[PDB]
Amino acid sequence: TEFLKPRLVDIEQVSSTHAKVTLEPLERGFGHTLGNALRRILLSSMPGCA
Amino acid sequence: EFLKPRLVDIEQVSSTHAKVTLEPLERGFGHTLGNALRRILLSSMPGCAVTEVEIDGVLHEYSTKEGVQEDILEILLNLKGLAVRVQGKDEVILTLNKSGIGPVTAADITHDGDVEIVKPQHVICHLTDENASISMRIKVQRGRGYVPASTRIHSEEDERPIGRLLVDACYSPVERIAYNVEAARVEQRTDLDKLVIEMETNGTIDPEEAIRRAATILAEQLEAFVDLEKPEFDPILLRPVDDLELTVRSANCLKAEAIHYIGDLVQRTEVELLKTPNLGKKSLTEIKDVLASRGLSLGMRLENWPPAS
Amino acid sequence: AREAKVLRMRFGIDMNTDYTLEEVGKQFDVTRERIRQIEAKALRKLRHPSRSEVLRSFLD
Amino acid sequence: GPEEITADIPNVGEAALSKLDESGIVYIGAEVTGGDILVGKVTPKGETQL
Amino acid sequence: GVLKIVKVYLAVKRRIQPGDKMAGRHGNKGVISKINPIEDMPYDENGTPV
């Protein structure tokens, strides 16, 4: 009962400041938990100054 | 610049469920964790569910045992819900025996070092006659997720025990997981929040173990996140020697002589075989016939067996 | 080339009928028992796989 | 000719013939899938003319 | 013409899959589209999914 971590990760990044990255395969359900949380931090909590 | 959380009082209420809590939570992180944990909590966790059950006179799950009011299907169904726990073993076969008129509970099994019956009152089935007796081999293993009996047969490989009734894998400690972030005011900080994760369980897993391994897998997945035509010989040669359908005597000699694949066999010679233990003219005669039948013979030399990966 | 003709001869391959092995000996001027042997090595030569992997896949 | 239910069936390994008794009938209780031989049957066809 | 007949009885167990027709007593038909993990199911505050 060992676990699953993914393999091959294409990063196709438009221009410089823009990026779209795919990461696969995950375990069923994990894309959404990893995805959402990473979204919450990135959005609502990040270090920066304006 | 950030504050890390940690646990605090984990309050058990019933043998089933309990309420764990996580204080040191910053702004909004209660949600960022609480859902992410529910996700990993409900699904991927370790569990032990009964799998294969071989009973006494029962040929298939659709029959009826004389002397018991539960259809076999129903008894199988009751077992899927028997909650147990082991410690150092990943699969154990428990022997249940009982007789006489009355309920047969789950405590009537035979105890093992790792056997812990979390529900000794759990009903396996009733018994309707004075002398009527049921003996059963119950194979419990441990695993993750839902493995239905269907996917269970692909590998096969001598599942011949027609008496073995497979059941569906229930593997999971978690029943229901719910999280609420209530604002926790630690004596000094602007506003911080708490996490009350109220979970529900079959009694085979302790709260701290679960909530720990949950977060364990989580960061373990972030690991990756954080940084960023020429067959040569005949394919039949790599088929195992079991595919020849030899005599019991003949088959054992080859395994005993280190001959496991067809490729190994076609090399060995007639002369050598009468010298190997147990083989006489009688045994060898069988071997020569089966090889010609698949277009083969003995003693063919291959300068490159086997290739190359 | 003689192994191909002898086998095409011994069977109907791209030919009307097939020929008794005595006929073949007379056709080859080298006769009788000799020919039966060639047939064997030919079948023998197609038996041991390099040759063998393709024709075996035809049965079932 | 008459057709035989005999268990001797051309071109099958023993693993196929496993699930069958000597007679050509699958045992009661054997779990099966698509392609499994339930009943061995053979019908006379003479002179194949290959 | 028939000398003998063998009837084998199979008990197939089917569970449920996308494509099956389901309906309530009210005339609402429906055909299950996706089979969802317990994780994505809408749940109430108490945490009991639907």
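For the record, the sequence lines run as chains A, B, C, D and E. With the authors' numbering applied, the first sequence covers 6 to 55. With the authors' numbering applied, the second sequence covers 7 to 234, 245 to 325. With the authors' numbering applied, the third sequence covers 553 to 612. With the authors' numbering applied, the fourth sequence covers 846 to 895. With the authors' numbering applied, the fifth sequence covers 1045 to 1094. Even for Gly, the Cβ is constructed at its ideal location relative to N, Cα and C.
Three-state secondary structure assigned by DSSP to residue i
i: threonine 101 of chain B; result: strand
i: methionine 1066 of chain E; result: coil
i: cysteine 269 of chain B; result: helix
i: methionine 561 of chain C; result: helix
i: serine 156 of chain B; result: helix
i: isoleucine 223 of chain B; result: helix
i: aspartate 280 of chain B; result: helix
i: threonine 38 of chain B; result: helix
i: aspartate 305 of chain B; result: helix
i: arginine 586 of chain C; result: helix
i: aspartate 199 of chain B; result: strand
i: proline 293 of chain B; result: coil
i: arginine 44 of chain B; result: helix
i: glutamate 165 of chain B; result: coil
i: residue 242 of chain B; result: The gap in chain B between 234 and 245 takes in residue 242 of chain B, so it carries no coordinates here.
i: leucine 79 of chain B; result: helix
i: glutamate 848 of chain D; result: coil
i: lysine 246 of chain B; result: coil
i: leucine 234 of chain B; result: coil
i: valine 129 of chain B; result: strand
i: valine 606 of chain C; result: helix
i: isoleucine 1079 of chain E; result: coil
i: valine 1050 of chain E; result: coil
Within 8 Å, strictly: CB atoms of residue i and residue j
i: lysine 104 of chain B; j: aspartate 118 of chain B; result: no
i: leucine 28 of chain A; j: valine 19 of chain A; result: no
i: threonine 207 of chain B; j: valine 146 of chain B; result: no
i: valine 871 of chain D; j: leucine 862 of chain D; result: no
i: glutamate 67 of chain B; j: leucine 171 of chain B; result: yes
i: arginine 45 of chain B; j: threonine 38 of chain A; result: yes
i: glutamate 302 of chain B; j: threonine 263 of chain B; result: yes
i: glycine 279 of chain B; j: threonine 22 of chain B; result: no
i: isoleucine 144 of chain B; j: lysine 71 of chain B; result: no
i: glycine 1091 of chain E; j: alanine 184 of chain B; result: yes
i: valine 887 of chain D; j: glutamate 848 of chain D; result: yes
i: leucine 65 of chain B; j: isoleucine 873 of chain D; result: yes
i: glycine 577 of chain C; j: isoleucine 587 of chain C; result: yes
Beta-carbon separation (whole angstroms), residue i vs residue j, contact threshold 8 Å
i: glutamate 32 of chain A; j: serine 178 of chain B; result: Wrong, their Cβ atoms sit about 15 Å apart, outside the cutoff.
i: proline 109 of chain B; j: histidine 128 of chain B; result: The Cβ separation is near 10 Å, so there is no contact.
i: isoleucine 217 of chain B; j: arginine 310 of chain B; result: At roughly 59 Å, the Cβ-Cβ gap does not stay under 8 Å, so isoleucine 217 of chain B and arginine 310 of chain B are not in contact.
i: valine 90 of chain B; j: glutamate 122 of chain B; result: 7 Å
i: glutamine 93 of chain B; j: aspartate 120 of chain B; result: 5 Å
i: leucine 260 of chain B; j: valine 306 of chain B; result: 5 Å
i: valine 1075 of chain E; j: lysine 1065 of chain E; result: 5 Å
Bridge partner(s) assigned by DSSP for residue i
i: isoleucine 140 of chain B; result: B:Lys104
i: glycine 53 of chain B; result: B:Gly149
i: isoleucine 870 of chain D; result: D:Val884
i: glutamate 58 of chain B; result: B:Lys145 and B:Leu172
i: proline 256 of chain B; result: B:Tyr277
i: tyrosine 1087 of chain E; result: E:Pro1093
i: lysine 578 of chain C; result: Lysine 578 of chain C is not bridged to any residue.
i: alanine 24 of chain B; result: B:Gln18 and B:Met205
i: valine 124 of chain B; result: In DSSP, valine 124 of chain B forms no bridge with anything.
Residue environment, residue i, which counts as buried when at least 16 other CB atoms sit within 10 Å
i: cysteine 54 of chain A; result: exposed
i: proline 601 of chain C; result: buried
i: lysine 10 of chain B; result: exposed
i: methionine 561 of chain C; result: buried
i: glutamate 97 of chain B; result: exposed
i: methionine 142 of chain B; result: buried
i: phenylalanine 35 of chain A; result: buried
i: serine 266 of chain B; result: buried
i: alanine 190 of chain B; result: buried
i: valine 187 of chain B; result: buried
i: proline 213 of chain B; result: buried
i: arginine 148 of chain B; result: buried
i: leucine 607 of chain C; result: exposed
i: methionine 205 of chain B; result: buried
Interface residues of chain G facing residue i [CB-CB closer than 7 Å]
i: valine 1050 of chain E; result: The chain labelled as chain G is not found among the protein chains of the depicted structure, namely A, B, C, D and E.
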